[PDB]
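Structure data (compact mmCIF, C-alpha atoms) from target_25.txt:
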# COMPACT_ATOMS: atom_id res chain seq x y z
CA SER J 1 20.72 8.42 -6.24
CA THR J 2 16.97 9.07 -6.42
CA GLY J 3 13.99 7.59 -8.19
CA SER J 4 10.55 8.97 -9.04
CA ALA J 5 7.68 6.94 -10.49
CA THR J 6 4.06 7.73 -11.17
CA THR J 7 1.48 5.46 -9.51
CA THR J 8 -1.93 5.10 -11.19
CA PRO J 9 -5.23 3.84 -9.77
CA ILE J 10 -6.24 0.50 -11.30
CA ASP J 11 -9.95 1.47 -11.51
CA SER J 12 -12.45 4.27 -10.87
CA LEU J 13 -12.63 3.45 -7.12
CA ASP J 14 -8.84 3.67 -6.39
CA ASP J 15 -8.98 0.01 -5.31
CA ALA J 16 -5.18 -0.12 -5.69
CA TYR J 17 -2.41 1.71 -7.48
CA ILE J 18 0.09 0.35 -9.95
CA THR J 19 3.59 1.64 -10.63
CA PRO J 20 5.71 0.53 -13.56
CA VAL J 21 8.89 -1.36 -12.60
CA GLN J 22 11.67 -2.43 -14.93
CA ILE J 23 13.02 -5.92 -14.30
CA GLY J 24 15.89 -7.61 -16.09
CA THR J 25 18.01 -6.90 -19.14
CA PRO J 26 16.61 -5.94 -21.55
CA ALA J 27 14.00 -4.34 -19.33
CA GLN J 28 10.68 -6.13 -18.80
CA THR J 29 8.21 -3.52 -17.50
CA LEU J 30 5.63 -4.89 -15.02
CA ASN J 31 2.99 -2.85 -13.24
CA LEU J 32 3.34 -3.60 -9.53
CA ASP J 33 1.31 -2.73 -6.48
CA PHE J 34 3.68 -0.97 -4.07
CA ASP J 35 2.75 -2.29 -0.63
CA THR J 36 4.13 -0.66 2.55
CA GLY J 37 2.39 -3.48 4.45
CA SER J 38 4.48 -6.37 3.07
CA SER J 39 8.08 -7.13 2.18
CA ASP J 40 8.10 -9.39 -0.89
CA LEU J 41 8.70 -8.26 -4.49
CA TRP J 42 6.84 -10.94 -6.38
CA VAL J 43 5.65 -11.11 -9.98
CA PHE J 44 3.54 -13.06 -12.36
CA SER J 45 6.01 -14.98 -14.40
CA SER J 46 6.68 -17.56 -17.13
CA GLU J 47 6.49 -20.08 -14.22
CA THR J 48 2.97 -19.07 -13.07
CA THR J 49 0.39 -21.87 -13.54
CA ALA J 50 -1.13 -20.97 -16.94
CA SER J 51 -4.77 -21.29 -15.65
CA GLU J 52 -3.93 -18.62 -12.95
CA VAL J 53 -2.78 -15.99 -15.50
CA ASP J 54 -5.57 -13.85 -17.06
CA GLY J 55 -4.13 -10.77 -18.82
CA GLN J 56 -1.21 -9.96 -16.50
CA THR J 57 2.20 -9.09 -17.94
CA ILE J 58 4.66 -11.78 -16.89
CA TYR J 59 8.34 -11.71 -16.04
CA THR J 60 10.34 -14.27 -18.04
CA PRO J 61 13.72 -14.73 -16.38
CA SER J 62 15.07 -16.84 -19.28
CA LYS J 63 14.88 -13.64 -21.43
CA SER J 64 16.92 -11.59 -18.94
CA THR J 65 20.71 -11.71 -19.34
CA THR J 66 21.05 -10.55 -15.69
CA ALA J 67 18.59 -13.05 -14.10
CA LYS J 68 20.05 -15.75 -11.88
CA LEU J 69 18.13 -18.45 -10.03
CA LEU J 70 18.51 -18.02 -6.26
CA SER J 71 19.06 -21.73 -5.90
CA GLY J 72 16.88 -23.47 -3.29
CA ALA J 73 14.97 -20.34 -2.31
CA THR J 74 11.19 -20.42 -2.13
CA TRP J 75 8.54 -18.03 -0.90
CA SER J 76 4.94 -18.14 0.18
CA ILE J 77 2.80 -15.27 1.39
CA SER J 78 -0.72 -14.78 2.70
CA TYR J 79 -2.24 -11.29 2.86
CA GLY J 80 -4.77 -9.69 5.24
CA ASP J 81 -7.57 -10.18 2.63
CA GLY J 82 -6.99 -13.99 2.37
CA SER J 83 -5.11 -13.80 -0.96
CA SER J 84 -1.85 -15.68 -1.42
CA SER J 85 0.99 -16.52 -3.78
CA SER J 86 4.12 -18.63 -3.79
CA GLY J 87 7.02 -19.68 -5.94
CA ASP J 88 10.75 -19.57 -6.42
CA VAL J 89 13.25 -16.72 -6.57
CA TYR J 90 15.59 -15.07 -9.05
CA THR J 91 17.95 -12.22 -8.54
CA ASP J 92 17.88 -9.54 -11.24
CA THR J 93 18.30 -5.86 -11.84
CA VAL J 94 15.21 -3.87 -10.81
CA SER J 95 14.63 -0.18 -11.54
CA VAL J 96 11.89 2.11 -10.27
CA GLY J 97 11.59 5.59 -11.63
CA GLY J 98 15.29 5.62 -12.67
CA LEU J 99 16.62 4.13 -9.43
CA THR J 100 18.35 0.82 -10.09
CA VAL J 101 19.13 -2.04 -7.70
CA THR J 102 21.29 -4.89 -8.84
CA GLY J 103 20.86 -8.31 -7.29
CA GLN J 104 17.26 -7.69 -6.14
CA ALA J 105 15.32 -10.79 -5.17
CA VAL J 106 12.46 -11.12 -7.64
CA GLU J 107 10.05 -13.74 -6.33
CA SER J 108 8.55 -15.56 -9.36
CA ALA J 109 5.01 -16.86 -8.71
CA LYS J 110 4.25 -20.47 -9.46
CA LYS J 111 0.80 -20.15 -7.83
CA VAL J 112 -1.46 -17.18 -7.10
CA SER J 113 -4.91 -17.10 -5.50
CA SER J 114 -8.06 -16.26 -7.43
CA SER J 115 -8.10 -12.54 -6.38
CA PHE J 116 -4.70 -12.04 -8.15
CA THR J 117 -5.76 -13.96 -11.28
CA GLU J 118 -8.98 -11.91 -11.48
CA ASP J 119 -7.08 -8.57 -11.31
CA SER J 120 -5.49 -8.34 -14.84
CA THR J 121 -4.08 -4.83 -14.02
CA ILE J 122 -1.69 -5.97 -11.21
CA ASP J 123 1.41 -7.88 -12.36
CA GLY J 124 2.73 -8.37 -8.81
CA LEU J 125 3.63 -6.60 -5.60
CA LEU J 126 6.61 -4.61 -4.48
CA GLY J 127 6.83 -4.72 -0.68
CA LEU J 128 8.09 -1.67 1.21
CA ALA J 129 7.62 -2.83 4.81
CA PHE J 130 10.67 -3.93 6.81
CA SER J 131 12.73 -6.81 5.43
CA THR J 132 12.07 -8.87 8.63
CA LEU J 133 8.68 -9.76 7.03
CA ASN J 134 10.15 -11.06 3.77
CA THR J 135 8.99 -14.68 3.26
CA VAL J 136 11.93 -16.07 1.26
CA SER J 137 13.32 -19.27 2.78
CA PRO J 138 15.84 -20.40 3.75
CA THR J 139 17.62 -17.06 3.27
CA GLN J 140 15.42 -14.02 3.91
CA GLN J 141 15.78 -11.31 1.28
CA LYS J 142 15.82 -7.52 1.37
CA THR J 143 13.19 -5.20 -0.01
CA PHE J 144 13.94 -2.94 -2.97
CA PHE J 145 14.09 -0.02 -0.51
CA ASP J 146 16.47 -1.78 1.86
CA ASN J 147 18.75 -2.69 -1.10
CA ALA J 148 18.61 0.88 -2.53
CA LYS J 149 18.98 2.67 0.85
CA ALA J 150 22.79 3.02 0.97
CA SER J 151 22.81 4.52 -2.60
CA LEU J 152 19.99 7.00 -1.94
CA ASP J 153 20.61 10.68 -1.31
CA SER J 154 18.40 10.36 1.84
CA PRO J 155 17.17 6.98 3.24
CA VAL J 156 13.50 7.80 2.58
CA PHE J 157 10.70 7.14 0.19
CA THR J 158 7.49 9.10 -0.11
CA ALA J 159 3.96 8.14 -1.06
CA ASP J 160 1.77 10.76 -2.68
CA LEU J 161 -1.33 8.88 -3.76
CA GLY J 162 -4.01 10.58 -5.83
CA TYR J 163 -7.77 10.64 -5.31
CA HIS J 164 -9.16 9.32 -8.57
CA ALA J 165 -5.87 10.50 -10.13
CA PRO J 166 -2.27 9.40 -10.50
CA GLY J 167 0.27 10.13 -7.80
CA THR J 168 3.95 9.60 -7.16
CA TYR J 169 6.36 7.37 -5.28
CA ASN J 170 9.75 9.06 -4.75
CA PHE J 171 12.88 7.39 -3.45
CA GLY J 172 15.78 9.22 -1.86
CA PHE J 173 14.36 12.74 -1.59
CA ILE J 174 11.43 14.74 -0.27
CA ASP J 175 9.73 16.89 -2.94
CA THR J 176 9.05 20.14 -1.02
CA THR J 177 6.64 21.22 -3.85
CA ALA J 178 4.37 18.18 -3.34
CA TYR J 179 2.82 19.27 -0.01
CA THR J 180 1.53 22.33 1.85
CA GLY J 181 2.60 23.46 5.31
CA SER J 182 5.11 21.35 7.22
CA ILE J 183 5.67 17.61 7.59
CA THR J 184 4.87 16.26 11.04
CA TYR J 185 7.04 13.25 11.91
CA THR J 186 5.92 10.53 14.29
CA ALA J 187 7.64 7.55 15.83
CA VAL J 188 7.59 4.14 14.23
CA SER J 189 7.75 0.74 15.88
CA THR J 190 9.33 -1.92 13.67
CA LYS J 191 8.47 -4.69 16.23
CA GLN J 192 5.88 -6.31 13.88
CA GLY J 193 7.77 -5.46 10.63
CA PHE J 194 5.34 -2.71 9.66
CA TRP J 195 5.41 1.08 9.48
CA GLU J 196 3.52 1.07 12.80
CA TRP J 197 2.74 4.41 14.42
CA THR J 198 0.27 5.94 16.84
CA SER J 199 -2.32 8.48 15.74
CA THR J 200 -3.26 11.07 18.35
CA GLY J 201 -6.99 10.98 17.67
CA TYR J 202 -9.82 11.74 15.30
CA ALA J 203 -12.72 13.94 14.44
CA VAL J 204 -15.88 13.24 12.44
CA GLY J 205 -16.90 16.04 10.14
CA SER J 206 -16.91 19.40 11.87
CA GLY J 207 -17.09 17.61 15.28
CA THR J 208 -14.70 18.09 18.18
CA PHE J 209 -11.38 16.31 17.99
CA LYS J 210 -11.16 13.25 20.30
CA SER J 211 -7.66 12.87 21.74
CA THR J 212 -7.01 9.11 21.85
CA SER J 213 -4.03 6.93 20.90
CA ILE J 214 -4.73 4.71 17.85
CA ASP J 215 -1.89 2.36 17.00
CA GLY J 216 -1.90 1.28 13.35
CA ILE J 217 0.14 0.72 10.23
CA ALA J 218 0.65 2.89 7.17
CA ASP J 219 -0.26 0.42 4.42
CA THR J 220 -0.37 1.49 0.77
CA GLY J 221 -1.47 -2.02 -0.24
CA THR J 222 -4.74 -1.79 1.71
CA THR J 223 -7.55 0.12 0.05
CA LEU J 224 -9.58 1.23 3.06
CA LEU J 225 -9.14 2.78 6.51
CA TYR J 226 -9.64 0.16 9.24
CA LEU J 227 -10.05 1.62 12.74
CA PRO J 228 -11.43 0.48 16.06
CA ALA J 229 -15.16 -0.24 16.18
CA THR J 230 -15.78 2.73 18.54
CA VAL J 231 -14.26 5.18 16.04
CA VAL J 232 -15.99 3.65 13.03
CA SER J 233 -19.38 3.61 14.74
CA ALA J 234 -18.98 7.27 15.68
CA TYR J 235 -18.24 8.08 12.03
CA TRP J 236 -21.13 6.18 10.46
CA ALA J 237 -23.60 7.39 13.11
CA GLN J 238 -23.29 10.77 11.33
CA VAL J 239 -24.61 9.28 8.03
CA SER J 240 -28.43 8.79 7.86
CA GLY J 241 -29.21 5.20 6.97
CA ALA J 242 -25.66 3.84 7.38
CA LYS J 243 -25.39 0.43 8.96
CA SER J 244 -23.02 -2.47 9.33
CA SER J 245 -24.14 -5.34 7.06
CA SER J 246 -22.90 -8.85 7.91
CA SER J 247 -24.14 -9.94 4.41
CA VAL J 248 -22.02 -7.30 2.61
CA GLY J 249 -19.09 -7.45 5.09
CA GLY J 250 -19.00 -3.96 6.51
CA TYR J 251 -20.60 -0.57 6.80
CA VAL J 252 -22.84 0.48 3.90
CA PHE J 253 -24.65 3.75 3.41
CA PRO J 254 -27.33 5.11 1.10
CA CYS J 255 -25.81 6.21 -2.16
CA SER J 256 -27.89 9.43 -1.77
CA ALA J 257 -25.82 10.42 1.31
CA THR J 258 -23.26 13.16 1.54
CA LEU J 259 -20.43 11.79 3.70
CA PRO J 260 -18.65 13.80 6.37
CA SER J 261 -14.93 14.19 6.43
CA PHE J 262 -12.76 12.23 8.83
CA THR J 263 -9.75 13.80 10.55
CA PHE J 264 -6.89 11.82 12.08
CA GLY J 265 -4.14 13.21 14.28
CA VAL J 266 -0.40 13.02 13.65
CA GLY J 267 1.14 14.52 16.76
CA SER J 268 -0.42 17.98 17.07
CA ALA J 269 -1.15 18.02 13.31
CA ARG J 270 -4.37 16.95 11.60
CA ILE J 271 -4.98 15.20 8.26
CA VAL J 272 -8.46 15.65 6.87
CA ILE J 273 -9.92 12.93 4.66
CA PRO J 274 -12.70 14.51 2.60
CA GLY J 275 -16.02 12.72 2.69
CA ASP J 276 -15.87 11.82 -1.01
CA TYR J 277 -12.70 9.76 -0.36
CA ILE J 278 -14.85 7.50 1.91
CA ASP J 279 -17.33 6.62 -0.88
CA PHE J 280 -16.54 3.25 -2.51
CA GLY J 281 -19.70 3.24 -4.59
CA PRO J 282 -22.49 0.71 -5.07
CA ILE J 283 -22.01 -2.67 -3.38
CA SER J 284 -23.10 -4.29 -6.65
CA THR J 285 -23.70 -2.70 -10.03
CA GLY J 286 -26.85 -0.48 -9.90
CA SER J 287 -27.36 -0.85 -6.12
CA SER J 288 -28.44 2.17 -4.09
CA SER J 289 -26.36 0.83 -1.17
CA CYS J 290 -22.80 2.08 -1.20
CA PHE J 291 -19.74 0.63 0.50
CA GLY J 292 -17.93 2.70 3.11
CA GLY J 293 -14.26 3.53 3.02
CA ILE J 294 -13.90 3.46 6.81
CA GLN J 295 -14.40 0.00 8.28
CA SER J 296 -13.84 -1.71 11.59
CA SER J 297 -10.49 -3.35 12.29
CA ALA J 298 -12.03 -5.50 15.08
CA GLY J 299 -11.80 -8.75 12.95
CA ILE J 300 -8.14 -7.95 11.75
CA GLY J 301 -6.04 -7.55 14.94
CA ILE J 302 -4.49 -4.24 13.74
CA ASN J 303 -5.65 -0.81 12.66
CA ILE J 304 -4.71 -0.02 9.05
CA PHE J 305 -4.20 3.44 7.61
CA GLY J 306 -4.76 2.28 4.04
CA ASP J 307 -5.09 4.28 0.85
CA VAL J 308 -8.28 6.15 1.95
CA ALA J 309 -6.18 7.81 4.68
CA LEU J 310 -2.79 7.95 2.95
CA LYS J 311 -4.15 9.57 -0.25
CA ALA J 312 -5.22 12.58 1.88
CA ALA J 313 -1.53 13.20 2.77
CA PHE J 314 2.00 13.45 1.54
CA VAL J 315 3.60 10.59 3.48
CA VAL J 316 7.30 10.20 4.26
CA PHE J 317 8.62 6.74 5.06
CA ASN J 318 11.91 7.60 6.78
CA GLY J 319 14.16 4.53 6.82
CA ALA J 320 16.98 6.13 8.85
CA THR J 321 18.52 4.05 11.68
CA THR J 322 15.58 5.28 13.83
CA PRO J 323 12.67 5.08 11.36
CA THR J 324 9.88 7.61 11.43
CA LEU J 325 6.75 8.48 9.44
CA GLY J 326 5.95 11.98 8.27
CA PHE J 327 2.61 13.34 7.17
CA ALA J 328 1.81 16.62 5.47
CA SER J 329 -1.39 18.02 4.01
CA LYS J 330 -1.37 18.62 0.24

Rendering of file as structure tokens:
Amino acid sequence: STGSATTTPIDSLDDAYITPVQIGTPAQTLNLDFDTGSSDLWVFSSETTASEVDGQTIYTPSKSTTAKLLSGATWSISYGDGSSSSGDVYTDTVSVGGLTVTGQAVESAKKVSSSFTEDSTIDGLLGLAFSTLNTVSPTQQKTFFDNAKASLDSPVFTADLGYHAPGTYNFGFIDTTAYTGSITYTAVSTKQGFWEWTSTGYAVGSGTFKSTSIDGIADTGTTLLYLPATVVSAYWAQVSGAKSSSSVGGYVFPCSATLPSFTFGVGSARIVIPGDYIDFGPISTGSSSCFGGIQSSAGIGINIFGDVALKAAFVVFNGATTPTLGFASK
């Protein structure tokens, strides 16, 4: 089997991407944020505290003939940005892009934090990191990918995110028309539950490539590129008037600037992030200070190749017995 679904930016900044997902029988279509940095499939639901729902589409298990309470199971998750959600668990049929999993754990939110309530466009998350990070207790549950894996033509999914444009998530096959050149594969450590890999270095603009190992995660659920403070300072030093603002919470630059590209290494290959991908626009409406798309990871504890990086590539998440990541230009 295979599946193929279009993923669409939620706003003009590509803050996140949503992908339609069918849950239950008859199908309830929810727009989920596919997150390679977490392992819970959770949704706004008929159980979500009414004051915490503001325009999201909800899953109603009582309207699904295939829903079953996963008796006694609860879940609670906290994300890198300080957002959170929790609730109980159903099993139901879940389809993405024509690929169907029966008996998927669908984590029904009873509570969500303010950042979820305030984002009417995101109906929940679909985690694609390793199932060892799934928060369901007392019986940990599998991700959609882990449940689908054995049925897939190839044990892979691919992320092809668009810059200010829709993209695609494929399951079970590698679309050889979706990229240019060859795919460069790199080793993955699953020790922390993430798609954790080591970049071979970076360049700023037309500058020389710096060979240096940067360990980080491929995280579709994170908007920006978070790298070590050395790397980030070297990038923003090439932008006149850029500075790190403690009041704003990161590097800002004059909206009048033209940003340089940023290159990261994948083995002996290079992925170039165009400068416009690094522009996240005015810090507040009408401001002439703009927010940078490359930020320091120093206050996180991990480097994160988020959407700013991943949207510059065709990315292969190879879930074979020895997982690997692949990157191609496109």

Can you work out which one of J:105, J:58, J:273, J:328 has the shortest atom-to-atom distance to residue 206 in chain J, counting all atoms listed in the file?
J:273

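All polymer residues at most 8 Å from (13.0, 6.0, 1.7), using all atoms listed in the file, appear as residues 145, 149, 152, 154, 155, 156, 157, 158, 170, 171, 172, 173, 316, 317, 318 and 319 of chain J.
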
Each residue of range 135-223 of chain J with at least one atom at most 12 Å from range 9-18 of chain J should appear once, together with its nearest atom pair and the corresponding distance in Å (one decimal); atoms considered: only C-alpha atoms; ordering: chain, then increasing residue number; output as CSV.
residue,atom,partner,partner_atom,distance
J:159,CA,J:17,CA,11.1
J:160,CA,J:17,CA,11.1
J:161,CA,J:17,CA,8.1
J:162,CA,J:9,CA,7.9
J:163,CA,J:14,CA,7.1
J:164,CA,J:14,CA,6.1
J:165,CA,J:9,CA,6.7
J:166,CA,J:9,CA,6.3
J:167,CA,J:9,CA,8.6
J:168,CA,J:17,CA,10.1
J:169,CA,J:18,CA,10.5
J:219,CA,J:16,CA,11.3
J:220,CA,J:16,CA,8.2
J:221,CA,J:16,CA,6.9
J:222,CA,J:16,CA,7.6
J:223,CA,J:15,CA,5.5

Mind checking which residues fall within 10 Å of residue 290 in chain J, counting all atoms listed in the file, ignoring those fewer than 3 positions away in the same chain, and posting them as a ChimeraX atom specification?
/J:242,251-257,279-284,286-287,293

Two-atom distance - CA of residue 178 in chain J, CA of residue 267 in chain J (Å):
20.7 Å

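Nearest residue to residue 188 in chain J, choosing from J:215, J:175, J:107, J:88 and counting only C-alpha atoms: J:215.
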
Expected answer as a count of residues only: all residues with atoms within 7 Å of (3.4, -1.1, 1.6), only C-alpha atoms
11

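For the residues J:231, J:148, J:77, J:313, ranking by smallest atom-to-atom distance to residue 203 in chain J using all atoms listed in the file places J:231 first.
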
Tell me which protein, DNA and RNA residues are within 7 Å of residue 131 in chain J, counting only C-alpha atoms, leaving out same-chain ones fewer than 6 positions away, and put them as an mmCIF file with C-alpha atoms, in the frame of the given file.
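Written file, selection32.cif:
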data_model
loop_
_atom_site.group_PDB
_atom_site.id
_atom_site.type_symbol
_atom_site.label_atom_id
_atom_site.label_comp_id
_atom_site.auth_asym_id
_atom_site.auth_seq_id
_atom_site.Cartn_x
_atom_site.Cartn_y
_atom_site.Cartn_z
ATOM 1 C CA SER J 39 8.080 -7.130 2.180
ATOM 2 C CA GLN J 141 15.780 -11.310 1.280
ATOM 3 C CA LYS J 142 15.820 -7.520 1.370
ATOM 4 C CA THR J 143 13.190 -5.200 -0.010
#

Pairwise distance, CA of residue 258 in chain J with CA of residue 239 in chain J, equals 7.7 Å

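Between residue 137 in chain J and the candidates J:73, J:125, J:109, J:187, the tightest atom-to-atom separation, counting only C-alpha atoms, involves J:73.
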
Top pick for closest residue to residue 185 in chain J, considering J:268, J:85, J:120, J:288 and counting only C-alpha atoms:
J:268

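As for CA of residue 295 in chain J and CA of residue 210 in chain J, they are spaced 18.2 Å apart.
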
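Distances here use only C-alpha atoms; by that measure, the residue among J:202, J:216, J:66, J:326 closest to residue 300 in chain J is J:216.
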
Test item: residues at most 10 Å from residue 78 in chain J, all atoms listed in the file, excluding those fewer than 5 positions along its chain, as number ranges by chain
J: 38, 83-86, 113, 135

Skip residue 312 in chain J itself and residues of its chain fewer than 5 positions away, then list as a PDB file with C-alpha atoms, in the frame of the given file all residues within 12 Å of it, counting only C-alpha atoms.
ATOM      1  CA  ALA J 159       3.960   8.140  -1.060  1.00  0.00           C
ATOM      2  CA  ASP J 160       1.770  10.760  -2.680  1.00  0.00           C
ATOM      3  CA  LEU J 161      -1.330   8.880  -3.760  1.00  0.00           C
ATOM      4  CA  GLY J 162      -4.010  10.580  -5.830  1.00  0.00           C
ATOM      5  CA  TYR J 163      -7.770  10.640  -5.310  1.00  0.00           C
ATOM      6  CA  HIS J 164      -9.160   9.320  -8.570  1.00  0.00           C
ATOM      7  CA  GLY J 167       0.270  10.130  -7.800  1.00  0.00           C
ATOM      8  CA  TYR J 179       2.820  19.270  -0.010  1.00  0.00           C
ATOM      9  CA  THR J 180       1.530  22.330   1.850  1.00  0.00           C
ATOM     10  CA  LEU J 225      -9.140   2.780   6.510  1.00  0.00           C
ATOM     11  CA  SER J 261     -14.930  14.190   6.430  1.00  0.00           C
ATOM     12  CA  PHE J 262     -12.760  12.230   8.830  1.00  0.00           C
ATOM     13  CA  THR J 263      -9.750  13.800  10.550  1.00  0.00           C
ATOM     14  CA  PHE J 264      -6.890  11.820  12.080  1.00  0.00           C
ATOM     15  CA  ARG J 270      -4.370  16.950  11.600  1.00  0.00           C
ATOM     16  CA  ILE J 271      -4.980  15.200   8.260  1.00  0.00           C
ATOM     17  CA  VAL J 272      -8.460  15.650   6.870  1.00  0.00           C
ATOM     18  CA  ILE J 273      -9.920  12.930   4.660  1.00  0.00           C
ATOM     19  CA  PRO J 274     -12.700  14.510   2.600  1.00  0.00           C
ATOM     20  CA  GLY J 275     -16.020  12.720   2.690  1.00  0.00           C
ATOM     21  CA  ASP J 276     -15.870  11.820  -1.010  1.00  0.00           C
ATOM     22  CA  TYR J 277     -12.700   9.760  -0.360  1.00  0.00           C
ATOM     23  CA  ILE J 278     -14.850   7.500   1.910  1.00  0.00           C
ATOM     24  CA  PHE J 305      -4.200   3.440   7.610  1.00  0.00           C
ATOM     25  CA  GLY J 306      -4.760   2.280   4.040  1.00  0.00           C
ATOM     26  CA  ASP J 307      -5.090   4.280   0.850  1.00  0.00           C
ATOM     27  CA  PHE J 327       2.610  13.340   7.170  1.00  0.00           C
ATOM     28  CA  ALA J 328       1.810  16.620   5.470  1.00  0.00           C
ATOM     29  CA  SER J 329      -1.390  18.020   4.010  1.00  0.00           C
ATOM     30  CA  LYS J 330      -1.370  18.620   0.240  1.00  0.00           C
TER      31      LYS J 330
END
